[PDB]
Structures are given as structure tokens and as C-alpha cells.
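Next up: just one chain, as C-alpha cells, the form solved without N1-carboxypiperazine.
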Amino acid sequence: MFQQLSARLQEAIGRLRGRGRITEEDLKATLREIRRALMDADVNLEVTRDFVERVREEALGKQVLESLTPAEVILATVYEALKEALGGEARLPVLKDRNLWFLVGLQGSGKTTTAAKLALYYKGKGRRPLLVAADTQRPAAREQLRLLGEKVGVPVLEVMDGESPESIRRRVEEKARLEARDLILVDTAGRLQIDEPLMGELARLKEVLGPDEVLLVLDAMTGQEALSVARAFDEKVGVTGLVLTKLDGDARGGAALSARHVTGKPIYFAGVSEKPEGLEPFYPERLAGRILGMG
């Protein structure tokens, strides 16, 4: 992901390198090339404009028009902007004594496999996870998580068809008690498109279970519709953090890049492969460095 954008940003910066001091017109041309490139990666006009303005301001503050190496000033400011556009420092959910997190999103987003990968990740960090297959309408969706839980060595409770949220609560509580589970990961129903009633039932499930986190899983190979999925889930259910899956895929990446800005929710993890350990904590500073060719 981001290959084309990466190449283009590195080219724009490299074009300045070794040619000494630049003029204001030269700087304008470079900022244009950056803003346009972002565009061509399908970043929305606002994220592009704001990003380039940030860079212009910070570069001018660093006396880019006095520098004999403006390329390095532009590199540093694009890096620092790009790192904060993605979240700044790395964040992860606050682990307290007994946690309950929803995973929400579309079918095909990576949501169900992410639930199992999270369980594995946190089991390795000493937590005691429980997976909950919460689709009350589609047994096949629950069976998928059951198998994945088996794969990662984490117990799975399956809800029953049509089970009330109160009953789900009661059964999850019981199992968590008996098995000393301290991280409960609820894989909620996924559909290929936003399903309004589901969204109603999901909001209700949230009222009854009271999750500490609601993690929206988005496929980073998709476009701006990912952020309108994000708005729909956030308005109606209320979301606390993002997981971006399939960062290993080929795609423009503009919607993924902006997700942190459009949604105002931290990216906690990113999926980087189809393997059980393809999941890892998201580090803005690391993705920014990659995109700019710094390893």
C-alpha cells in the first residue's frame, strides 16, 4: 500500500536535493506537487489542503527559504506532519482489570479475523481473553470465529439465534467469572453494507454490555466509503478506536491515510498480513518513515 504516493513524495523532495537554496516559487511548486500527489492517492481536498498548509507553515518557520539544503527541511516537516496526521505517538487501549471491547465493521473488513488476532496478541501479553461471536442472525458467522478461536487457543462463546442482549450479558459474565477471563472481545455482526436495524441492535447491545472500547475495523484497501462507514458506526453506536487491516495490500491508500483525521479516533492496530501474527500495534512514526523512504 501507498507505493505510488511514496514514490511521488520522495521524487518531489529529491528534486530539490543538491541544488542549494530555493525561491518562494520553487517552494510553491513543491507544495503543489505534494498536495496534488496526495489527491491522486484519493485524499480528500480538506486533508490534502490542511496537510500542505501545515508543511508550508512549519517549513517557513524552519527558514526553508534561507537554507542551503531545503530538501532536508521539507523532508523533516513532511515527516513530522505525516506522523501527526496518523496520530503522533503510538496508542493502545488502556488495560484495566476486566475489559470488554466490541469489534465493529463490515463483513469482509477483517473484523472477525482481527478479533482472533487481537485475542492472540493479548494472550501473549499475559491477558486472559474470551472471544464472543455475537451475530444473532447468522450461525455461519459465529462458526467462523469458533474455528479461529481454536486456532489461536482462546475460548469462544457463541450467542444463540435471536438471543437478547441481557441473556448474552448473563452468559458472558458467567463464563468470564468461571474462567477468569479479563479481556472480552465481542465480534459483532458484519454485513456487506450498513444495515440500519443491525446498527440499532448494535447500539442496544452496547447499552447493555457497556464496552470500554468499540474498535472499528476498516479495510485499508478501500476508499472514502471507509470514512462514511466510520461516520455511520460512530454516530449510531459510538466508536473509540480503529484497526486498519490489509496494509500489506496494493492500493492508493488515501482514505486509510486520513482515517485518523476524518474520524478523530486513534488507530490502535494495523493488519499487515493474513497470518495470525499479522496484527501489530500501530506506530504512526513508523508508517510515516516508510512512506518517505527512511526504513
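Residue numbers here begin at 1 and follow the sequence given.
What follows is about the form solved in complex with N1-carboxypiperazine, which we do not show.
Undergrad: Could you tell me which of 200-208, 92-100, 161-169, 70-78 sits within 4.5 Å of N1-carboxypiperazine in the bound PDB entry, going by non-hydrogen atoms?
TA: Of the stretches listed, the one contacting the partner is 92-100.
Undergrad: Run the contact test on 38, 41 and 49 with a 4.5 Å heavy atom cut-off to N1-carboxypiperazine in the bound PDB entry and return yes or no.
TA: Spot residues vs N1-carboxypiperazine: no contact at all.
Undergrad: Find out whether any non-hydrogen atom of residue 281 is located within 4.5 angstroms of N1-carboxypiperazine in the bound PDB entry, and reply yes or no.
TA: Contact check for residue 281: yes, within 4.5 Å of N1-carboxypiperazine in the bound PDB entry.
Undergrad: Can you work out whether residue 17 and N1-carboxypiperazine are in contact in the bound PDB entry, taking contact to mean some heavy atom pair no more than 4.5 Å apart?
TA: No, residue 17 stays farther than 4.5 Å from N1-carboxypiperazine in the bound PDB entry.
Undergrad: Closest heavy atom of residue 290 to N1-carboxypiperazine in the bound PDB entry, within 4.5 Å or not?
TA: Residue 290: yes, in contact with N1-carboxypiperazine in the bound PDB entry.
Undergrad: Determine whether any heavy atom of residue 247 comes within 4.5 Å of a heavy atom of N1-carboxypiperazine in the bound PDB entry, and answer yes or no.
TA: Output for residue 247 is yes: heavy atoms within 4.5 Å of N1-carboxypiperazine.
Undergrad: Can you tell me which residues in 244-279 come within 4.5 angstroms of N1-carboxypiperazine in the bound PDB entry, by heavy atoms?
TA: Contacting residues: 247, 270, 272.
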